[PDB]
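The structure appears below as structure tokens.
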Amino acid sequence: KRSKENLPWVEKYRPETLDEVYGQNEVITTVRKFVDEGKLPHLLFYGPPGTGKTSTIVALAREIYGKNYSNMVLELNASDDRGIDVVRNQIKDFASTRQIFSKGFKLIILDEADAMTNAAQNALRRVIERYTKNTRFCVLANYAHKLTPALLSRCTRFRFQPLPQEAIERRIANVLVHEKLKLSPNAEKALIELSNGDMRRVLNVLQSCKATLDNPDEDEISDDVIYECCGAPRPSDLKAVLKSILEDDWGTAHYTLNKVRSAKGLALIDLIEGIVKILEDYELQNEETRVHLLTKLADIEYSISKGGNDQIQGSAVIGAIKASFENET
Amino acid sequence: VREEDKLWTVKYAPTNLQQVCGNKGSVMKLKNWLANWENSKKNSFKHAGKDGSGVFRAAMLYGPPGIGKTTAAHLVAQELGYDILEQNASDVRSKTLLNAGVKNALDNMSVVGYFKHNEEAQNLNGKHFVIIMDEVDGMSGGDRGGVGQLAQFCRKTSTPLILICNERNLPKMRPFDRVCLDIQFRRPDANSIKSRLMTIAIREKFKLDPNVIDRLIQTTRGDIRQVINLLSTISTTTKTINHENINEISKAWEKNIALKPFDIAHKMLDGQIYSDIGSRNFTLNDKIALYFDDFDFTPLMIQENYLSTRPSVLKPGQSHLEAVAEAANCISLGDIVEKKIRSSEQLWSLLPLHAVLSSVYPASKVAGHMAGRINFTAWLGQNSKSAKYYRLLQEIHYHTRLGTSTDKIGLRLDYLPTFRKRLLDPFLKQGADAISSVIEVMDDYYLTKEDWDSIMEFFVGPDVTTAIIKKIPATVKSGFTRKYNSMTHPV
Amino acid sequence: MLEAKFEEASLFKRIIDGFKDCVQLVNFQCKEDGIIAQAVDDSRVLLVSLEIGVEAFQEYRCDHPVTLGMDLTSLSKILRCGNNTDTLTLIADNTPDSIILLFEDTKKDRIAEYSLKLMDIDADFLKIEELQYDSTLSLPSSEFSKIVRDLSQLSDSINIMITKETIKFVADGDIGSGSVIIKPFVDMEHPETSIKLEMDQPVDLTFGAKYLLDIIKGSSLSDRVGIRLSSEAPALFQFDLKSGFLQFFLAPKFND
Amino acid sequence: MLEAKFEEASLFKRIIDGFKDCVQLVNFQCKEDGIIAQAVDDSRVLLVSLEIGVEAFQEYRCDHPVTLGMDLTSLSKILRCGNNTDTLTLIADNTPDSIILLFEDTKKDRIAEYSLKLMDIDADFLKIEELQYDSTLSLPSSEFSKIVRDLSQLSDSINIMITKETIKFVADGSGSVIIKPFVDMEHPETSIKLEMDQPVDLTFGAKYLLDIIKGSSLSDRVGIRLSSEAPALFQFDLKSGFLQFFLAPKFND
Amino acid sequence: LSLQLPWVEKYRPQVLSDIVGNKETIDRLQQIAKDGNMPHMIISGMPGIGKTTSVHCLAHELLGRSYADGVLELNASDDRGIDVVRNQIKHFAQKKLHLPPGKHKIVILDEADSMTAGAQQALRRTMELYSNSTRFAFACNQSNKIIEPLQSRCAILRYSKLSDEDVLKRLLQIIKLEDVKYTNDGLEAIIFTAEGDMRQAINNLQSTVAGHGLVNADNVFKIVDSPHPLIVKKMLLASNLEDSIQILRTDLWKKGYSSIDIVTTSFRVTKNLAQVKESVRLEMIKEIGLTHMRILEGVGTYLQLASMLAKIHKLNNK
Amino acid sequence: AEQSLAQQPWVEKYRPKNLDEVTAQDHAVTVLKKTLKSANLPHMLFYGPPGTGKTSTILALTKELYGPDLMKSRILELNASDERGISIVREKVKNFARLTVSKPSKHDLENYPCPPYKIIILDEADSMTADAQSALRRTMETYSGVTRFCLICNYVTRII
Ligand SMILES: Nc1ncnc2c1ncn2[C@@H]1O[C@H](COP(=O)(O)OP(=O)(O)OP(O)(O)=S)[C@@H](O)[C@H]1O
Ligand SMILES: Nc1ncnc2c1ncn2[C@@H]1O[C@H](COP(=O)(O)OP(=O)(O)OP(O)(O)=S)[C@@H](O)[C@H]1O
Ligand SMILES: Nc1ncnc2c1ncn2[C@@H]1O[C@H](COP(=O)(O)OP(=O)(O)OP(O)(O)=S)[C@@H](O)[C@H]1O
Ligand SMILES: Nc1ncnc2c1ncn2[C@@H]1O[C@H](COP(=O)(O)OP(=O)(O)OP(O)(O)=S)[C@@H](O)[C@H]1O
Ligand SMILES: [Mg+2]
Ligand SMILES: [Mg+2]
Ligand SMILES: [Mg+2]
Ligand SMILES: [Mg+2]
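Chains as they are written, first to last, in PDB author numbering: chain C, 7 to 335; chain A, 291 to 781; chain F, 1 to 256; chain G, 1 to 172, 176 to 256; chain B, 5 to 322; chain D, 18 to 177.
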């Protein structure tokens, strides 16, 4: 009963080939030139979560060998064991033999190598270059400080830039062609801004919004549907809260904040992010306003990250904003 | 064998005791000890000699690396006609294997020694052994025989046993102090090595100015072999070592030696490096790497002796007390960081921050001149004493849980004064007739005599029982403990 | 539905003991012809392939071709829980679910019905054993095991060289080097001890000793092991069973 | 280039097995007359010498004398591969950086060569010129191994006493075995012979004697030579040569 | 499919003269290989400057055709515990091999800084005893991880950072041997981003050549992503808080750099900030460490980095 | 079972049994209810303040999806009581995720909509180590067609 439609939109729309990977054009073009010319150096993909590293490496493994890549490619992910003994036995044996299936250079894909111990990386530091004419190494990472400098220097560094807006619009258009659905321009822009580079959250919230229409073939996903599905504060309510905090007095500002955060069940952690994102564009006529505005708000965010209270932190944010916006006058 | 294939350190090795540069007194004392070893054995090592070394079966040479310890030992061994049975770190030394291989050679004679020379009578010790244990510090395969078996061997031997090591004050080497006789080979001066290097330069056809030897032995503090290797490496291309290239030679051949948990604190608390001049000669990166020599004791040492110095970096207006206050604040922050490091999630990437907060910042805040001698950390033993007392309090609490119905801490905090008043003072004010009441009140709380002894030592301040216990007569204690071992106690 | 009732019990035990510590996850493909399975190493160097027809089973009934994946450790755990005097019955429903192993004693009614939850393996079935080997040979399994576990003490690599009517096993290591040179010969009063060889081109290629030490463990099944070697091809170590065959495809080391 | 051939590899296997536990490295000299090899214990208490002449070799070829220094652990590892049905051949070339052991099968077309990399031993070959031992005795090897096994099970120190043409083996509870020299013509192998010049009182350790008695498989008789100021000599007889052990005495505490 | 070796391995110097590293040490090793009396040597330096290549070419030139049996190379991948050092290295040191007069058996211990202290202790006398037939060559990145006794018996060879001139010379050599069109600005950018790392320089050059064909500052800065620790150093020294915030947002955040990576790089840069004084450096490091503690606890938003920069500016300005 | 519920305190007595009982989150319950008629269920991450319906709504969803018969054999539940470590996440979680979905009986196949995937609910994932959550990454991505993952937490920042 397991069909292709039984997958979440995060994995249902996984790029099969390199042509279906958008955004990282500068890396994909050179990777295609690498595989066409025949010299594939040791690759180190470094990128934020949800950019296309693993999808690109699987598409490359498919395009290099064929439609059966897991047969001859060795893939070590964070789910497997990657101790020093593993590097000594398994990886070193796979690197020093020929292929059972085809006749070509083997490919060792070390996914999430930042989770490797320093001893394992030190042991791999020599085996990655002792067997070079037979096997190649691909190291995927999100944090480039866990990798030792020695291992980091032996691999061609490719940084996966976060998905730009155009690529995400292209992928949304592709999905809306592959799925009977309609998306408003303003709702699409709101989704772009909410994505924050992450390509998986786009598809996740897109499926979640397609699930809350009661008819997905005629009704279009409006901005209200997108803002309600994730519980994020709409820019209108955000601007109203900011204006009430800045201009109005304490009682009415507190009342407005409470009435806005209780009309849709918002969260202070999202209101703070929206407020700082909309406030970083102001033309503060000094350097000490921004200092307090950032310090106090970051302290409040760190305290919220521990779930202390919910009504004291709102008044804390209000007082912090007001006290910060006092050096201007 | 080829003379050209020498390592520049085997061709110039001392072939007699007159060529060991430096430590003349120590090598002479070792020679006299090995000489009168037999005369001391005749008296069963009970009587000490003129130097007080005749009451020790074994000798232990200790000192920095590269001074001639192994060479001097081998030389005094071959000189006195003995036969050398040398075991080193490459040999697997362990209690079982040591008892298997070396124990049988303690009371036996050399088999090869009989066939060396026996026609003319040169001495009566040409058929004996000198067991030279070398590099006894490395006992990774010496789980139980590293310091435990060798200590017993030093006592129960019948042949000269010479041990050679590098660090004597190591806590592992503790058993060796009170069993054998230890001698210290110090770093040699700049005269004997000067003469040796002069002869080497003469016999090697290159130029070497005598004033260079001082800086050469300076950069190589106590490592003569390192000096010989340094000369050998550079004599391949440049044949003139003078004041025109000494700077680069010295800077490129510095010794990146480690530091001990003692001089680490003295260096980090020295108020000269934190000056504007010293800040670029010993950079902050070096101050942080100083912590990485020993990240186990450095914070403890700093916390122990950060307020026992006279500061020199005090800002105008800032006094000593406020400086110690800021240093202690940073120490508390570093302790918080250290707890967050060794806690869950195994956050080890936060180590340099802990180095700055715990070690570097309080030092920089109180950097001056050491008042007296640097004190070792006291928290290490205080924590063990606290744990030992917590175990006893836990035992007493789980003995009296049947009656108290209070937490473990509130017992020590509240019940113990009343327990002292009900258990001890009846012995002082009433003599030996209050034995029954004490026995009964201990029986009601399921206490024992060991529980009473543990309770008594707990009290602090004005109420100190370890002195009052010695004021009550000695016969009533015996009567009390005898009455205890007679009556039955329902646990 | 699938019902496979064996003639004995320890047959499947000996069949599974071949890959005890050699591979972990296997996928038995059961059809009307028999049970065929293959499993790739954890390091993807050697591939085990076992085929057992309807000859070893007492009763065999397979309606549609089924594929049951399972881990070998759990399979051995289940198999050790059965006495060697009962009968083993593999039972599978219409759709592939937890395989049912059945132990029935022949004198007392003792029904041991174990269920093993299947593993979902990416069964990427290839097409092997269809390639021409430039050299083939066959020799007793005892002699091969002797040679392998005698040369494994001097090194970790073993070079096999098939030349004109000569087989050579070379072990080059640190403490020394060994070389065993055998020649093809066929005995008539003892046909099982004969060493047969058919070579078309000279062959020289190396293998690891850690994998040969696990391959020779299959010598408990048969007494005559066959070895097929070819350049740019895996080495075929085949043990012939009374009903099928168990073959290891080993990847040769790459020389500089 | 040296080429020696044993008619049966079992002799060399047992020869190596006899003293494989007391030493690890051994220098085999190779001359025209035969092979002589002496090896000192790692504790320098027990020496093991051996001499095998051309009578044991089916073929022997040695152009120039050469010293082959080899380890015993690797040699035993190599020897355990060969079978008791093959002929062993030791082969060495000029400047022998290695030594070849060829096992050839007489009734099968199987030839197995094993190369061993020689060691660089500081060959301080001590002369073994004869010393007039005070006591020279001989007795069966099996009974010697037995009595050493009995006395060693009680303590470590073993006292040996030769006085008034009588043998005392003592171990200090305390055990003692008394031996009298009686020559039997019916069973000549059990004839305990003893030529005494001076009373000899020596003392040895346990493990050394336990390792010497391990060699009680090549000769049915052992010869013990003793002197108060000389090491004990335990000699086993061979079809061609002999295997001797020199054990240093203990202190007189 | 056809497969060619990368430029890193294809153009690895197999002869000691082709090395463009430190001239004094390379000439020393050349004269050693010419004479043959090679002593034990610990070669230590930054990653990617040619230590392993140096020792390998030295051993090759010293042993000629005897490299197969006269060289024992143990690296971080092979086992190097107490058992290995005591058994295999010892058995190889005592291995009798007849070499030319001025030659010796070589033991190349690579990544020696990863060996246990007990292994080095056991290796001390193993090396000291058979010095007349076996020489030892350690190659490491942190010579402080090697114990003092072991380091004493050998000659210390400290390798410095590869100067821009040497990297440029090797770059011109590779380009001339590869027939690649290049502009001087592109090569200067490659040298600037290499941070004095020959392997990284060759890798970036090969990547740029295979991606665009024409080595030019445009394509180099497109495919090279100019070094990270320099942008953070520029950010930490901004005049106003607005400039530092803009540099953090546009150059670091928008370009997809992890927050923990940013904090770690800022800490490492402040550790080596020779411009500012000691107390201000320590206070900035303390604030960066507070921010790092906040990052590791899960909250790693851009607001935390903004507050870190705000506190750093509050300290440096007052 | 009714007497046991009556004896139980009001917290467990009135625990939501269906997706219509949770009258708190109309933005998250409708997305799960529409998954019933559909078949694509994404990896869920319920996060929020203590006592808002997460642990109850996940149980109600699993019930309404599978039925009380298939519930025991189709879902694995790893809460903070169990030992969730790097070794456990590597071995047991992967073993259960890399498994074949149980065969639904005719009763369950007729009454309840049985989806072709199991469900591993890691409750209170804010107590896991960072290495365990790191190892969970490819575990919850490769076996996405036979297994889905539902995490529950009060602090979304604590999750990597
Ligand atoms: N560049 C891209 N183009 C198209 N879809 C993408 C792209 N990047 C991510 N996606 C989508 O996001 C899914 C997950 O992307 P992955 O590449 O697996 O994430 P990742 O690069 O592995 O990052 P990690 O490993 O989770 S930190 C894919 O299956 C696609 O559906
Ligand atoms: N005082 C000395 N006079 C002359 N040569 C010396 C002296 N000390 C050391 N050497 C030389 O150093 C080499 C011997 O090293 P040793 O100093 O004996 O080693 P060590 O003292 O045991 O220190 P270790 O064991 O390596 S920590 C020979 O080349 C000697 O010539
Ligand atoms: N001085 C040099 N001249 C020419 N090529 C060099 C030089 N240094 C490094 N390389 C190149 O760097 C690659 C090999 O460098 P490595 O041996 O990995 O450096 P390394 O000194 O061993 O540092 P490690 O081992 O990674 S810590 C080859 O492609 C060499 O061509
Ligand atoms: N949305 C809801 N609708 C109805 N009853 C609810 C709801 N949320 C909580 N309850 C009641 O509160 C009880 C506990 O709910 P839970 O789902 O365990 O809360 P919670 O989200 O798990 O809190 P945690 O696990 O401490 S974060 C339920 O048994 C109900 O009686
Ligand atoms: Mg990934
Ligand atoms: Mg020494
Ligand atoms: Mg290297
Ligand atoms: Mg709950």
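Ideal Cβ placement from N, Cα and C applies to all residues, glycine included.
Measuring CA to CA, which of the options is closest to residue i?
| i | options | result |
| --- | --- | --- |
| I699 of chain A | A:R712, A:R681, A:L713, A:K711 | A:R681 |
| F96 of chain B | G:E189, G:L116, G:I111 | G:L116 |
| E158 of chain D | C:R296, C:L169, C:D117, C:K152 | C:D117 |
| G344 of chain A | A:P450, A:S384, A:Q412, A:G353 | A:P450 |
| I46 of chain B | B:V236, B:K38, B:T29, B:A37 | B:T29 |
In the DSSP assignment, the alpha helix (DSSP H) including residue i goes from what residue to what residue?
| i | result |
| --- | --- |
| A126 of chain C | 124-136 |
| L46 of chain C | Where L46 of chain C is concerned, there is no enclosing alpha helix (DSSP H), given that its DSSP letter is neither H nor E. |
| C455 of chain A | No alpha helix (DSSP H) contains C455 of chain A, which DSSP labels as neither H nor E. |
| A326 of chain C | 318-330 |
Any heavy atom of ligand 1 inside 7 Å of the beta-carbon of residue i?
| i | result |
| --- | --- |
| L116 of chain C | no |
Cβ of residue i within 8 Å of Cβ of residue j?
| i | j | result |
| --- | --- | --- |
| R691 of chain A | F748 of chain A | no |
For chain C, find out if any of its Cβ atoms is closer than 8 Å to the Cβ of residue i; answer yes or no.
| i | result |
| --- | --- |
| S21 of chain B | no |
| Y83 of chain D | no |
Does chain B have any CB closer than 8 Å to the CB of residue i?
| i | result |
| --- | --- |
| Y64 of chain D | no |
How far does the beta strand (DSSP E) with residue i in it reach, from first residue to last?
| i | result |
| --- | --- |
| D743 of chain A | No beta strand (DSSP E) contains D743 of chain A, which is instead part of the alpha helix (DSSP H) from 739-746. |
Kindly indicate if chain G contains any beta-carbon less than 8 Å away from that of residue i.
| i | result |
| --- | --- |
| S157 of chain F | no |
| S400 of chain A | yes |
| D373 of chain A | yes |
For ligand 3, any of its heavy atoms closer than 7 Å to the Cβ of residue i?
| i | result |
| --- | --- |
| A156 of chain C | yes |
Mind checking if residue i is an interface residue toward chain A, Cβ cutoff 8 Å exclusive?
| i | result |
| --- | --- |
| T146 of chain D | yes |
| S135 of chain B | yes |
Taking 7 Å as the line, does the beta carbon of residue i fall inside it for any heavy atom of ligand 8?
| i | result |
| --- | --- |
| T74 of chain D | no |
| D143 of chain D | no |
What do you reckon, is the C-beta of residue i under 7 Å from a heavy atom of ligand 4?
| i | result |
| --- | --- |
| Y31 of chain D | yes |
| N96 of chain D | no |
Quick one: is the Cβ of residue i within less than 7 Å of any heavy atom of ligand 5?
| i | result |
| --- | --- |
| residue 345 of chain C | Residue 345 of chain C lies beyond the range of chain C shown here (7 to 335); nothing can be said about it. |
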